[PDB]
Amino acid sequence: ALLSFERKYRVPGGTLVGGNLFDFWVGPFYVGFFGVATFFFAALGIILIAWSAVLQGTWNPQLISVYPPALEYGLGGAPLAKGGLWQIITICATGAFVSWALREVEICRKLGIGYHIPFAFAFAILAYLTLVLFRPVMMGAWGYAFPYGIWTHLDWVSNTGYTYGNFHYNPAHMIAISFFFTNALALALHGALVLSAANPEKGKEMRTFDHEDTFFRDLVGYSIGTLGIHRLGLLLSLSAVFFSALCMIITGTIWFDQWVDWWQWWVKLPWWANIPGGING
């Protein structure tokens, strides 16, 4: 149950709450207070989803779906079968994720490493909280949040999108997509570079960092280095999820028309707004 090198690291300390009460492991898993918290919120939430499966009449995971309260309920409570189960499960989910992050912080302190991981995860939590919480509250009803089901949540994506035409035209959405595409490009290259240095042509010696640096200079004229590519990856990723949250927080709130028509601010700039020719004249 231990990695060969692991024992020297399994010392007491680092917990944020409850001293040495929960300072122990179950197999590979660290527990901690927030380990216990995560189990509670995760058990409860899973129980409520099962109880929501009987109210619907399916034990089929491709069919099961927990919906928000309909718009009529506003930002108020709802009967369980009619939206209150979603509302409670949502509180349970938020509890599971925040507890998971804070559990990552306790693991960080015992290992004496930095806090970059819990920090990155909180951007994911933030995107979720934008969809199920922030945008609903700004809009005035829980019903605008997405449903918890495998395909029904895809339905919401599609219908919420096309409420505004081709959703391609949300400018924050454009930026978000660029970071996602760019991040995957960077992850491919970084992975490929390290592996090509560690795993050279047969019989050759293991290459070095300088070979990595040379390769990328040979190729594109620049190289960012070891610290920089890990700073770049963390940043392309965190930025993608940032602009995703942004593109949704502005949709249905400060902009509620067709997204393609937003782009008329550009074309009707008065110095060229009237000139003939082109596509828009």
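Residue numbers run from 1 along the displayed sequence.
Colleague: When the Cα temperature factors in the entry are averaged, is it 80 to 88 or 171 to 179 that ends up higher?
Modeller: Mean CA B-factor is higher for 80 to 88.
Colleague: Should the higher mean CA B-factor in the entry be assigned to 187 to 195 or to 71 to 79?
Modeller: Taking the mean B-factor of the alpha carbons in each, 71 to 79 is higher.
Colleague: According to the deposited entry, which of 31, 241, 232, 43 has the largest Cα B-factor?
Modeller: Highest C-alpha B-factor among the listed options: 43.
Colleague: Highest CA temperature factor in the entry: which of 26, 227, 236, 54?
Modeller: In this record, 54 carries the highest C-alpha B-factor of the candidates.
Colleague: Lowest, middle or highest third: where is residue 259 by C-alpha B factor in its chain?
Modeller: Answer is middle: the recorded C-alpha B-factor places it there.
Colleague: Would you check the entry's CA temperature factor for residue 22 and let me know if it's in the chain's lowest, middle or highest third?
Modeller: It falls in the middle third of the chain.
Colleague: So where's residue 121 on the chain's Cα temperature factor ranking, which third?
Modeller: It falls in the bottom third of the chain.
Colleague: Would you please rank residue 103 by its C-alpha temperature factor against the other modelled residues of its chain and give the third it falls in: lowest, middle or highest?
Modeller: Within its chain, residue 103 is a lowest-third residue by C-alpha B-factor, going by the deposited values.
Colleague: Would you mind checking where the Cα B-factor of residue 114 ranks among the modelled residues of its chain, as the lowest, middle or highest third?
Modeller: It falls in the bottom third of the chain.
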